[PDB]
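Structure assessment
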Amino acid sequence: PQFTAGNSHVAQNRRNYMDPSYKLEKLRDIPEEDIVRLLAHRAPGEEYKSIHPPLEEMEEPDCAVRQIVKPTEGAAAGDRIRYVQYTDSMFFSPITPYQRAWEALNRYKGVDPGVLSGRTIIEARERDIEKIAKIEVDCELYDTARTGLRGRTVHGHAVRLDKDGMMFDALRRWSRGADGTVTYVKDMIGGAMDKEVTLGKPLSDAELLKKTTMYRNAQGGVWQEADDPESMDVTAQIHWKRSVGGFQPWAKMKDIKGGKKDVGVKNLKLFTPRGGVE
Amino acid sequence: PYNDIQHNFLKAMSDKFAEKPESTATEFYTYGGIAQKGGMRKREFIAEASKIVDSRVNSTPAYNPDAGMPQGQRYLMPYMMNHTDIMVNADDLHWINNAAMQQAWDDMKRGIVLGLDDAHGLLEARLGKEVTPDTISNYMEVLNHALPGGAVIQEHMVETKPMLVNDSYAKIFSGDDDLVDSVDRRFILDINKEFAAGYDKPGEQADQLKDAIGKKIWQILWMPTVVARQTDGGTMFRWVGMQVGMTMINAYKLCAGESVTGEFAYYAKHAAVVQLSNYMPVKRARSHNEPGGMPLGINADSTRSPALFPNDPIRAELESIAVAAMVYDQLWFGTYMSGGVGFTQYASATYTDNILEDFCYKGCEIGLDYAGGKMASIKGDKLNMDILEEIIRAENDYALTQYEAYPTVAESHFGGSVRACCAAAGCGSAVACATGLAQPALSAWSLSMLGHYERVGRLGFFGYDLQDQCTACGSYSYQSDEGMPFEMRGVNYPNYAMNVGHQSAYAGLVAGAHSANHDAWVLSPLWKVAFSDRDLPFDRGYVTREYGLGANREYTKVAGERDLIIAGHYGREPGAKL
Amino acid sequence: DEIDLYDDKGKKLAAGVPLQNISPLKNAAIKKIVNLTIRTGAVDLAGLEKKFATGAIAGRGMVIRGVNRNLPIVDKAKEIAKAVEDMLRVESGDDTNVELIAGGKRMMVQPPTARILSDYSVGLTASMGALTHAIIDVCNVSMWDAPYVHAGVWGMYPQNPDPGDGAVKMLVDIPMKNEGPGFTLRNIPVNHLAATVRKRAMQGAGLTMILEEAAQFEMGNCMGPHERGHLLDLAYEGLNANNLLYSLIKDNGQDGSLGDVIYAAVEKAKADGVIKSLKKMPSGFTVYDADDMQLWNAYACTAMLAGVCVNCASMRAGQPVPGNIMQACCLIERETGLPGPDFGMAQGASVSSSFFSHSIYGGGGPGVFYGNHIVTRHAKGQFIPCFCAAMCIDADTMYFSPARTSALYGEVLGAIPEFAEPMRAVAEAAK
Amino acid sequence: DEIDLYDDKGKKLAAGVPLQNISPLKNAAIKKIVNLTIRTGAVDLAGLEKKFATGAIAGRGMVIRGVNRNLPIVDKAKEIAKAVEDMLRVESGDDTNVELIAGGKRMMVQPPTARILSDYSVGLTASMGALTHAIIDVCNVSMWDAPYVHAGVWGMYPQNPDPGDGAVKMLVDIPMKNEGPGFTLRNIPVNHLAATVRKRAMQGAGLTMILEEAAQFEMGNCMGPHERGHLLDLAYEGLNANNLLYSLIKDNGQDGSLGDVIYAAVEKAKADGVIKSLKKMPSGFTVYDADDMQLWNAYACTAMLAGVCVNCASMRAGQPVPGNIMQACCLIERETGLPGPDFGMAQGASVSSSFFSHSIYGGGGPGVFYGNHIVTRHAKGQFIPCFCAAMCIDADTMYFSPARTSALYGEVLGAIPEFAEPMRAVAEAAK
Ligand SMILES: C[C@@H](OP(=O)(O)O)[C@H](NC(=O)CCCCCCS)C(=O)O
Ligand SMILES: C[C@@H](OP(=O)(O)O)[C@H](NC(=O)CCCCCCS)C(=O)O
Ligand SMILES: O=S(=O)(O)CCS
Ligand SMILES: [Cl-]
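Residues numbered from 1 in each chain as written, not as in the entry; some residues may be left out. Chains lettered and ligands numbered in written order. Part of a larger assembly, values for the part shown. Heavy atoms only, no water. Residues with missing side-chain atoms left out of burial classes, pairs and counts.

**Side note on the pairing of strand β6 (residues 182-186) of chain A**
All names here are of chain A. For strand β5 (residues 174-176) and β6, the ladder comprises three bridges, and the chain directions are antiparallel. In the sheet register, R176 faces β6, and the bridge partner there is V182. Taking the residues between adjacent antiparallel strands as the criterion, β5 and β6 are bridged by five residues, where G180 takes a positive phi near 100°. Two elements, β6 and strand β7 (residues 192-200), share four bridges in a ladder whose sense is antiparallel. Across the sheet, the residue bridging to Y184 is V197, located in β7. (Pairing = 2+ DSSP bridges. Helix = DSSP H or I, 4+ residues; strand = E, 2+ residues; numbered from the N terminus.)

**Things to note about the site of ligand 3**
What surrounds ligand 3 is the set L116 and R119 of chain A, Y346, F461 and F462 of chain B together with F355, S359 and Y361 of chain D. In this structure, ligand 3 is bordered by residues of chains A, B and D. Within the side chain of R119 of chain A, an N or O atom sits 2.9 Å from an oxygen atom of ligand 3. The contact in question runs from an oxygen atom of ligand 3 to an N or O atom on the backbone of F462 of chain B, over 2.4 Å. A total of 270 Å² of accessible area belongs to ligand 3 in isolation, and the protein chains cover 79% of it. Residues belonging to the shell around ligand 3 are distributed by class as follows: six nonpolar, one polar and one charged. (Near = heavy atom within 4 Å. Polar contact = N/O pair within 3.5 Å; in protein donor to acceptor, adjacent residues only side chain to side chain. Areas by Shrake-Rupley, 256 points an atom, 1.4 Å probe, with all protein chains shown as cover. Nonpolar A, V, L, I, M, F, W, Y, C, P; charged D, E, K, R; others polar.)

**Things to note about the sheet that holds strand β3 (residues 41-44) of chain C**
Residues and elements named next belong to chain C. Strand order in the open sheet formed by four strands is β4-β5-β3-β6, with antiparallel pairing between adjacent strands. Every other strand in the sheet has two partners, leaving β4 (97-101) and β6 (168-169) as the edge strands with one partner each. Relative to strand β5 (residues 106-110), β4 runs antiparallel, the two sharing five bridges. Residue pairing across strands places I101 opposite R106, the latter belonging to β5. With respect to the sheet, helix α2 (residues 45-54) is in contact with β3, β4 and β5, its orientation differing from that of β3 by roughly 50°. (Contact = heavy atoms within 4.5 Å. Axes fitted to C-alpha atoms, helices over the stretch in contact; angles between N-to-C directions.)

**Examining the domain arrangement of chain C**
Accessible area lost upon the coming together of the parts is a frequently used measure of interface size. Residues and elements named next belong to chain C. Domain boundaries in chain C define domain 1 (1-39 + 185-431) and domain 2 (40-184). Domain 1 and domain 2 are separated by 34 Å when their C-alpha centres are compared. Each side of the interface is counted separately: domain 1 has 26 residues, and domain 2 has 28 residues. Across the interface of domain 1 and domain 2, roughly 2,400 Å² is buried in total on both sides, 57% from carbon and sulfur atoms. Contact with domain 2 buries area across many residues of domain 1, yet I38, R39 and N187 alone supply 32% of it, more than any other trio. At the boundary of domain 1 and domain 2, one finds three salt bridges. Measuring nitrogen to oxygen at the nearest pair gives 2.9 Å for the salt bridge that ties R106 to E411. Linking domain 1 to domain 2 there are 15 residue pairs in polar contact. (Domains from an automatic or database assignment. Buried area = accessible area lost by both parts, 1.4 Å probe. Salt bridge = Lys/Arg side-chain N within 4 Å of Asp/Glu carboxyl O.)

**Some points on the site of ligand 1**
In the vicinity of ligand 1, the contacting residues are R238, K269 and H270 of chain B together with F355, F356, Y361, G362, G363, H373, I374 and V375 of chain C. Two or more chains meet at ligand 1, and those chains are chains B and C. Between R238 of chain B and ligand 1, the recorded distance is 2.8 Å, taken from a side-chain N or O atom to an oxygen atom. In the model, an oxygen atom of ligand 1 is placed 2.8 Å from a nitrogen or oxygen of the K269 of chain B side chain. Contact with the protein chains hides 58% of the accessible area of ligand 1, taken as 550 Å² for the molecule alone.

**Considerations on the interface of chain B and chain D**
If you look at the interface, chain B gives 26 residues, while chain D gives 30 residues. The element contributing the most residues to the side of chain B that touches chain D is helix α21 (residues 466-475) of chain B, with four residues. Across the side of chain B that touches chain D, the residue classes tally to 13 nonpolar, seven polar and six charged.

**Some remarks on the interface of chain A and chain B**
Across the contact, 77 residues belong to chain A and 65 residues belong to chain B. Of the roughly 6,100 Å² buried at the junction of chain A and chain B (both faces included), carbon and sulfur atoms supply 57%. Where chain A packs against chain B, one counts eight salt bridges. A salt bridge links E19 of chain B to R160 of chain A; the nearest nitrogen and oxygen atoms lie 2.9 Å apart. Scanning the region where chain A abuts chain B turns up 40 residue pairs in polar contact. At the level of elements, α5 (97-107), β2 (112-115), α8 (224-227) and α9 (229-247) of chain A are the ones that each hand at least two residues to the side of chain A that touches chain B. Among the elements that take part in the side of chain A that touches chain B, α9 of chain A stands out by supplying 13 residues, more than any other.

**Details of the nonpolar core**
Within the largest apolar cluster, 562 residues are counted, with the highest numbers of intra-cluster contacts made by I22 of chain C together with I22 and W296 of chain D. Ranked by residues supplied to this core, first place goes to helix α11 (residues 293-315) of chain D with 16 residues. What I22 of chain C contacts, discounting residues up to four positions off in sequence, is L5, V17, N27, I30, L231, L234, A235, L239, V426 and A430 of chain C. (Core = buried A, V, L, I, M, F, W, Y, C linked by side-chain atoms within 4.5 Å. Buried < 20%, exposed > 50% of the residue type's maximum accessible area, 1.4 Å probe, protein only.)

**With respect to the packing of helix α9 (residues 244-252) of chain D against α11 of chain D**
Residues and elements named next belong to chain D. Here α9 crosses α11 at 40°, and the two axes come no closer than 9 Å. Overall, the two elements α9 and α11 adopt an arrangement that is oblique. With respect to the hand of their crossing, α9 and α11 are arranged in right-handed fashion. The residues of α11 that touch α9, namely those facing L244, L245, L248, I249 and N252, are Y299, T302, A303, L305, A306, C309 and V310. Of the residues in the contact of α9 with α11, the class split is ten nonpolar, two polar and no charged. (Parallel < 35°, antiparallel > 145°, perpendicular 65-115°, else oblique. Left-handed = near helix turned anticlockwise from the far one by under 90°.)

**Quick notes on the pattern of salt bridges**
For the structure on display, the rule yields 108 salt bridges over all chains. Between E60 of chain A and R66 of chain A there is a salt bridge whose closest N-O contact spans 2.8 Å. A relative accessible area of 24% places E60 of chain A in the partly exposed class. On the basis of relative accessibility, which here comes to 5%, the residue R66 of chain A falls in the buried class. Its salt-bridge partner being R424 of chain D, residue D7 of chain D comes within 2.9 Å of it at the nearest N-O pair. On the criterion of sequence distance, the pair formed by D7 of chain D in the loop between β1 (2-6) and β2 (12-18) and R424 of chain D in helix α18 (residues 422-429) is long-range, its members being 417 residues apart. Each of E225, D233 and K260 of chain A together with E389 and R393 of chain B takes part in salt bridges that share partners, so that together they form one network.

Next up, the structure:
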């Protein structure tokens, strides 16, 4: 597939994170039981609750779709539906909220992702969501400074960073060691855990610039319009085709008075410097 | 930021944060929670809670941060009112904590416009009764006794205490200069005097209004604030009906209750009345004159900025925005349609810190740039998608860069929903200034939001972009419920009917196009004139200044209080202070 | 049960008609009437063109500056009309109909019944949607300008639930403004009905009562034995069954008082054996009773429309109707010891509407009321027809008259044979 | 335009079907489905009997002491059922129908089409009027007690405009609660539809899209060339035209993700020539265009529904659908540079429904939404069928499920052949 448009490394990051054929780099290896601790829907070693009998010991509606779509393992077992939630700093988080949903719904079977500015939640059957949490906490989409596991009190994505480059957390779920190592000392909703969970050191600024999916005209990020005109070129095109269609769905752009001459524009001028500070 | 600090965000950012505006780092966890300056109200609130609990029969607890979310792990920031030097506590912008905001909406709700010409026509047709400027003058004197709750016909009537209803009175306005000259000036809302504003010469705004209004006579009647508060907006046109009814009987020596009286009722309540808004579909059932039915253009026309600052279309935008944020977001979405802590900062983001102010002035500049320095020149054959797209992409990059390059600005606008609202408003302003046309502002709105999601990787809250994804389609649609001119939209336009962080900006865009277009009003010449009335409690020409006075408890213009008729307040024990 | 149907000139139209043959559920004429009532729109093209030219494309007291456009709708009335027709049409030959009037200044639109799947207000929306695309197409409106055309045709809708500021005018209203399920056919101002039958009282009363009873059925007030009474009220009051109504007006028209009519009707009731003595009281006063109470009611309801017609036609004014109905009801009760029209419900509506036509609180002259109106809704069908008669009879003595409020309807609908002559249409159907 | 119609198992039902043949305005099956939808009521007689015996004859949390009456309505169920049927009948052999269910604990009521003159809400009122008189007559209730019967049957109406607390349950609502003219067939909860097709997803989607599109016509959204786009959406998304819908699900149902369906749809659109290169960007990315935009929209809408089915069926849960529709639209746009389903309106409604199914503010899970709902009304017919699909697929993971909220509909409406097999009904009629 094409996935998305864009000519810059940020656009390629987007395409990779969306691409199931692309294997995401692993930065850490959090043990499953520590994952369970962090989510705090259950205690490690505790058996999965059921909201209904396993599908196999049940007669389903005579539905063609149920017939041809395999349930996930969590669904087959009748697991509860629980969730994992991340907050992504505007300061070059490796992945951004919208791209999380693109990633999730391309890569995973049977998920319910929701995108907001300061939180992205994914819901799925409990055992399924535990597996997704590990994958997403382990890999390059989670930075221990610019990403946070937060099921409530998410404030901070747009707040300035602290001295060490950590994103603000009002519940203080994390603790930072002298060597930069980040440990979670509370669960993802700020509850007490029986033990601390080490996540690891933050990526460097250069690495963050390299890995991020955001365009950001500050602190050396990619300047969308100056560095990647293709990006808005194609987004604008979508915009105008929706515009024409709402008026008359059958209409072609060429039949419109003052319609676009082409994709893109000839005379876009910018009114900020690179890095924006003046 | 914008070159002029009077409109840019740099004074606000400088005075809010210890670090520089472009600083990327700060300090957390060291403010002592609410021990900090910005925790002052919360400490005040804790001290009060104790008294409340003491007053309750089973000591049911009240306000208690330890039972909810304690505040202030980060800096609790104050805010600067847009285009002022007034700083305020965040807590003091909640409508419940701000009597100026309350009065602003009560003033709108308690208003009704009613033509007089049909009543004269009826007097003539059925009775052959003479109407002169003198009889109109007598009529208005009687009406100003009757309207607040004074008796005009019956013996043994009870009446209202005038200081409880001192904000209720009625005036007339008309495009007929000779009629206005002839009537007792105590009853006149004078268009030539309130609209001496012009562009190439004095009184052009008045000219526009008098041409639109014509030789008609219109009444603006304001009901008592306490009536709005005890009841609802549905009372308003009915109340006018009743008291105009009684006045007619007296001023024209009729039977107090004949067939003509019946027709006067229909004339007053239906045939010649002009309301603030109509009712709502029943899921969100509401009476007349409530925010749900009030078009954006009426919101805009209710501010005075265009008559007070005729060459400043962005001040007009920002004043309309301040009214709209408070009315549509804090009161309507944040209370009428939800409630609780509500939506103070979703609203205040658009009227504080000169952030939206900065974006919109820059927007107008960019739009003028593309319009070859000729405001409102991009119309007809000059209007196309290419030039729009150039304008929108330019200003969108400008505004979104500000949040990124000056992180104090993002920290103030901490929720993506207000960043989106404001970047999009900036784009809309750019198009408003270039075109003098409202509808194309919607094209800027759509592209800005889509460009925002595309650039930043995020936008607003979970359901922020419902109307935004609909915007392109609804742009120029003519389908049943899907299309309509921007000016006429409001929170009953289907995809507008649920969400914060839009209607504020929209009120601005609709005002900007028209002020840029040298139009004296947006939607209604009648409401434009009515809201010019300088006897109204809340100053509709200096909105953000009023909000600032309300915040700091310096406001002196609230109406409808009951201090005059009570010996005490619930939960507060009587007795002298020690 | 059988009745003979007489015309507005006291001539028999059909003999021994079975009572069920004039039922709104059965009579093909009543059916077509209902059909025509919900399907038929009127459009002032001239006034529309002016809206677009002035930018007065919104609600009252509103004008949008800078959106003026010159759309030659009246010049291209022909093209537009045909464009709308071709859009309304479902299949060739169907009952789709579009007509131009007054040199193309006004237009009649009737979507085919086939477009009305479930919701009667398709009559409105099909015309509105057709009209707005027709203009955009024929007048070559560009994308940028299309929303203005929507405003002009649809009014403040959807921001305002009511599209009344729009360009398509029906007799009926939008569903949200009905006061209940089944009230559709009741939401039709008396003045519109009066203009529609062009101020001929009897056709106004008949048309109005045909619609009212159609509504009674749809409200669910006509189930079981209740059904009979409604058909009797329709036949007698509405259709001048056995020429009772006419003979009552005819016999007292010269110098009869309202009271004279009441008693004329009572004596006719005895003579027809509808009522008979029940008990003589000590004063000599006799209390009557009726073996067939539903038939009595139908008699009292005709006496009521008769009295109204005679007294209003005397003053040649519409305003006496509420007080007329009141005393018709009261005096007929005091004379017989029997219950009045609709068992007090009609006297009830006569009291509210008296009040709300001579006071400051609401209503207006009889012309502004209608079946659905909170003031006048209370009687089960017998009441509002009296108002249409009164406003037909009115010699423009009221400010809010059909001439003033309803000229569009009189002009466009006035030519429809079933509206102009509803009693004849119904009788020919009952054959 | 022509399409082949296929069933839920990928088997072809009809070939060379002209697009017009599946139009709500012309298809006899669709017309019948609409007719049944406004006519058919369900009554829980056992519960009603219990209402009377306990004095719980009003609204929620209300009980009137001292008016308890024991009315053997379930005992006399057969007499009641026949009294009602006879009252509802207008002529012998007409489409009047009344059936007892579950040993007479429950009853289906279908007033004949002829009782609906103008107002679709007669389906409710005729039944309510018939039922209350039936009870009063059969159980010999005295004058004094009659009003309690009214309350049992009509609920809080007329004091409350909503007779929802009453005995007769319809798929549709009263006219006042409709959000606009023509919204009648939109005011039907997803959970009621899911129950009605007995939780078979494709039948639910199909039935729901048939009702939505009929409403779209009634709203005036299908005039002129606008019609074609709606008929294409209905055929492809709703009726599995040319097996695109089933094919997308089948091909990805084992280990496919939502994105997999989307991309498979883009590739099919290309292969079929629906979309083609417009311009190649610097990165190599190709923006596509479509000579026939309406057809592309049909393909996109089908992609949308298929993506929803695949992901929700994987989870065997309904809650994912809104976020599924969002990324379906978003991703299809990013893949092609063309506009998503309903030109952005579907994505819009996916945002609001995502919000109002995961927040404190309103809505709920997908089963409490419907086409008339302020949250989900925005798309022009293509959106809500996905919801019904999702709530069919839900394995009762949600609290407010069709099993909890809608059992009565499953039981009483479930055996209606046009409801159970809507696609086959349509395909048959389109032959
Ligand atoms: C009748 C109706 O008025 P309109 O006919 O709509 O003008 C209605 N008035 C109220 O019924 C007035 C009731 C209170 C005043 C009279 C008390 S006796 C109302 O305003 O909705
Ligand atoms: C959707 C609807 O809620 P229900 O689905 O009917 O519960 C509606 N709420 C409002 O849309 C909430 C608007 C204000 C809160 C959200 C702010 S973004 C209402 O109560 O009428
Ligand atoms: O529900 S959301 O988290 O999107 C925001 C509501 S404030
Ligand atoms: Cl006067």
